[PDB]
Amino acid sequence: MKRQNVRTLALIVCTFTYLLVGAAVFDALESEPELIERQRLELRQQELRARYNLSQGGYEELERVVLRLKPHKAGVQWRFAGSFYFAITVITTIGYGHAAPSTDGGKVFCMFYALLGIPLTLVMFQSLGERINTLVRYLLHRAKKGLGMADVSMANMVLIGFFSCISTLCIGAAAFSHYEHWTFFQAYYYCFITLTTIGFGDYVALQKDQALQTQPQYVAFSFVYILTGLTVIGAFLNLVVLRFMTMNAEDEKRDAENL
């Protein structure tokens, strides 16, 4: 069997076993706490329904209002600042879902917006990421020549790259634990889930004390952090991961080259 076919089959077997191992661990960590929390909330729901004389239909009518008011609770999510924050989440594939298009026209424009946006943003981060690596490689070469030597190795680049990722999450967690009044660990977890473009939406910045409309300085920092932070991670994947994606094309070209 060809090297390309062995490599692809190995990756499929790897991903599926990684999913089974992952599902096994998340079950061990989250199954029991979820059952405990569900049982606990089922009691509070019955106690509050009894306290304020609420029927099955009465609670259900009140349930619809509370859920529909959730995106409005944070404040105005769709003026210029909120629409820009949303535009960021779309093209960067973060998609928190804290604010999603409620109109059919909004949903349609979002699809066309993402179709051209996501490739543009992806290419931009890989291009700027490469320029950052080229600058770091030049700075390190000049420093080595300065102290007394001079060639910049791949290992030196992986070290600077990995430290840049740690520092970015630490700087972010320092700021988001301050402004969003979270613990350093929570703010760090938010920064990790944001900059990996997972964006669960369990933690979202600019959703407290009408920040999008009343705190422009914090909003400016938040946009600059998300964009610069994604460039730092983007530069690191351009350095380590990207080379493995062109591997099948390199081996296929080599096959035609020999034959």
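One-based numbering along the sequence shown.
A.B. asks: Pick one of none, 1 to 3, 4 to 9 or 10 or more for the number of deposited-sequence residues not modelled between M149 and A150.
C.D. replies: According to the record, 1 to 3 deposited residues lack coordinates from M149 to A150.
A.B. asks: When the Cα temperature factors in the entry are averaged, is it 238-246 or 19-27 that ends up higher?
C.D. replies: Mean C-alpha B-factor is greater for 238-246.
A.B. asks: Per the entry, where is the mean C-alpha temperature factor higher: 39-47 or 224-232?
C.D. replies: Going by the record's values, the stretch with the higher mean is 39-47.
A.B. asks: Using only the C-alpha B-factors in the record, can you name which of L116, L128, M154, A81 has the highest?
C.D. replies: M154 has the highest C-alpha B-factor of those listed.
A.B. asks: Pick out which of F192, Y203, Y59, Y218 has the highest C-alpha B-factor in the PDB entry.
C.D. replies: Across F192, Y203, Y59, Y218, the entry lists the biggest C-alpha B-factor for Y59.
A.B. asks: With respect to C-alpha B-factor, does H178 fall in the lowest, middle or highest third of the chain as deposited?
C.D. replies: As the PDB entry reports it, the C-alpha B-factor of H178 lands in the middle third of its chain.
A.B. asks: In terms of the CA temperature factor given in the entry, to which third of its chain does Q207 belong: lowest, middle or highest?
C.D. replies: It falls in the middle third of the chain.
A.B. asks: Is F163 in the lowest, middle or highest third of its chain when residues are ranked by C-alpha B-factor?
C.D. replies: Ranked within chain, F163 CA B lands in the middle tercile.
A.B. asks: Taking the chain's C-alpha temperature factors as the reference, tell me which third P101 falls into: lowest, middle or highest.
C.D. replies: Ranked within chain, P101 CA B lands in the middle tercile.
A.B. asks: Taking the entry's C-alpha B-factors for this chain, is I132 in the lowest, middle or highest third?
C.D. replies: It falls in the middle third of the chain.
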